[PDB]
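Asker: Taking PDB author numbering, I'd label the letters of the sequence shown as residues -1 to 3, 5 to 202. Just so you know, even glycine gets a beta-carbon here, dropped at the ideal spot from N, CA and C.
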Amino acid sequence: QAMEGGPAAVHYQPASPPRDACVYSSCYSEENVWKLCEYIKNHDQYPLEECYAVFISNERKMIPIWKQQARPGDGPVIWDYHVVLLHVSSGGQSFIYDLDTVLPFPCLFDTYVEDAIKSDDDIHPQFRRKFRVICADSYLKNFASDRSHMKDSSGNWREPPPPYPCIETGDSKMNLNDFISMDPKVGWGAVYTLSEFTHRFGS
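1. Output yes or no for whether 8 angstroms exceeds the beta carbon distance between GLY90 and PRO6.
2. Beta carbon of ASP145, beta carbon of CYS165: below 8 angstroms?
3. Using DSSP's beta-bridge definition, name the partner residues of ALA189.
4. Determine the DSSP secondary structure at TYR163, reduced to helix, strand or coil.
5. Looking at the strands, I want to know which residues DSSP matches up with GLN67.
6. Which residue spans inside the segment 30 to 86 form an unbroken alpha helix (DSSP H) run of at least 4?
7. Assuming contact is defined by CB atoms lying nearer than 8 angstroms, are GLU49 and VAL87 in contact in what I supplied?
8. Out of curiosity, what's the CA-to-CA distance linking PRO71 and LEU193?
9. Give me the Cβ distance between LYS66 and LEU35, rounded to the nearest whole Å; I'm assuming they're in contact under 8 angstroms.
Written out as C-alpha cells, the structure is:
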C-alpha cells in the first residue's frame, strides 16, 4: 500500500467541451490549444490564469510523443513541435488537454507525463524534450499565425487549414517561431527542462 495523495482533483469538472465537440485541425495543435483557451475565457467556469499553453520542442525540432491518435500503437509520433493545454486546478492538481492523445481528455498530469512524455534519461539526446509554458491570458493576447509555415513554395497547403480566419494581434500577424523556439532568450513565458516541468506542475 502507498498514499498517491487532491479533493479538488477527484471531482474535477473539465474546462473544455467533450473531445468530439472541440474545434480541431490535425497538425495545427497551436491553434487547437488557442481555441480551448478562447472557450475557457468566454465561459465563466475557471479563471484563465489557472491555464497554460505548453509548446513541446527542441533545438532540432524532433520530439517523440507516445499515445498519439495519428499513430495508434506502442511506438511514438516524432513532431517538429506539439502544443497541449495545462490546467492547474486551485487545489494544485494539474490536468493535460491534448486533442491528439488516445489518453483521456482531460488526463491527470502525472499520467500524461508517465505514458505520453516518459523520461529523457534513456532517450537519444537529440530527441530530448524542452517545454515553453505560457499563461493562457498571455497566449490569447500575443500569439499570431498567418499559417505561412503550412504552405509549400507553390503556395499549396501541407495540411488543410483550420476553418476560421488566421489568429492575429495589433502587434503581429506571425510570431509562431518565438513559441516553437526553446531558446529562453526568445518569446513569452518560461522554458523548462523535462525535470523542471514535471517538478513544478507534477503531484
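Answerer: Straight from the coordinates:
1. Cβ distance < 8 angstroms, so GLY90 and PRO6 count as in contact.
2. Result yes, Cβ atoms of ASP145 and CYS165 sit closer than 8 angstroms.
3. Under DSSP, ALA189 forms a beta bridge with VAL132.
4. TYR163 sits in coil when the DSSP states are folded into three classes, being neither helix nor strand.
5. Looking at the DSSP assignment, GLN67 forms a beta bridge with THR100.
6. Runs of the alpha helix (DSSP H) inside the segment 30 to 86: none found.
7. The answer is yes: Cβ separation under 8 angstroms.
8. A direct Cα-Cα distance of roughly 24 angstroms separates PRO71 from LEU193.
9. Rounded, the Cβ-Cβ distance is 18 angstroms, inconsistent with contact.
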